[PDB]
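There is one chain below, alone, in structure tokens, taken in the form deposited in one PDB entry.
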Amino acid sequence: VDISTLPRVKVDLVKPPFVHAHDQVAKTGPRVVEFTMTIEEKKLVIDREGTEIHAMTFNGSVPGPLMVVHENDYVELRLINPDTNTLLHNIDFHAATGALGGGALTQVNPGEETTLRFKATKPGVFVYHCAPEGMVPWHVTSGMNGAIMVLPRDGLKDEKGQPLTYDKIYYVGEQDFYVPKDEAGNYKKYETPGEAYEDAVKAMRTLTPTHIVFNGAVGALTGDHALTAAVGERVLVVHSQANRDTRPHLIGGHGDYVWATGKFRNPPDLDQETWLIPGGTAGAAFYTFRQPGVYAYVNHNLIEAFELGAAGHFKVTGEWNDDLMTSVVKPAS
């Protein structure tokens, strides 16, 4: 087909955990969906102690923004590497077919840009990440990863073929960082990326993250940046991990319908407490809130959650249901 005959629609991305506006059920035929991202190398403070790293980002955030299209749309990405950056970058879409997911076609030095197009032939949530030959895990584990959602044209379906429609969506990107340590255990700091590279490699080879965070930092999805919902609302939480396994859990809730490995032609798993998202994958969980209050959303390696950073909060408004749960006798001597 002549792609030039198709509609074009430009998306304006938003910072995670929010997601750009879209339609669950496609209201048009196939489109070329136009995205732009600008790579930004920047310093980021990732914990309460003030540890500062040299992060590598798509669009200034860890994770990069969630892109949303429908099955058999074309994704057309303008990828910009400004001359204020110092490294070579590219992009690999797990949603795409060919050329190492696009990485072989999108190598951009500082001061260059490129435009890639691919057909989104499979529905699901997928990781995208930078992948420069020879330096792949360093870029990924410096924050250079995000996700793309390819919705079925008729939206999501349950295990029986009935519609599932979310009221809200959030994107939680989980990042393992490997901050080099000296013998005594304190983090080391580096003057340039080249001077850091060997100790970055050493640190990665321990297979032991120093930090595991949501939305780029310890506590990022707490306090005034907690996730929010109301009792009765249907929420989809997209979760990605580009490099290492995770096991999400909503403390006080469930995954009512979960695609743990993220691919919508498969029936969802029902009533999950915890789900495994393998490293290199995006997954999605659908839940209808039934109680108000604070929930924690965690990686249920609780060490990873509460000691290394992989924990966020929901604040949920509405009525308490004492049939579902109540304190019969409050704590007392």
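The first residue of the sequence shown is number 1, and the count goes up from there. In this text, the rigid core denotes the largest set of C-alpha atoms whose superposition between the two forms falls within 1.5 Å.
In what follows, reference is made to the form deposited in another entry, a form of this protein that is not presented.
With the two forms fitted on their core, the C-alpha shifts between this form and the one not shown stay under 2 Å for all of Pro193, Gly252, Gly155, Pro132 except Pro193. Here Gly216 does not count as shifted, since its C-alpha moves by less than 2 Å between this form and the one not shown after the core is aligned. Annotation: Cα of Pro123 displaced by less than 2 Å between this form and the one not shown, core superposition. Relative to the superposed rigid core, the position of the CA of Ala99 differs between this form and the one not shown by less than 2 Å. CA of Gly102 to CA of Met144: farther apart by 3 Å or more in the other form than in the shown form. One change in the other form concerns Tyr74 and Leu100, whose Cα atoms lie at least 3 Å closer than in this form.
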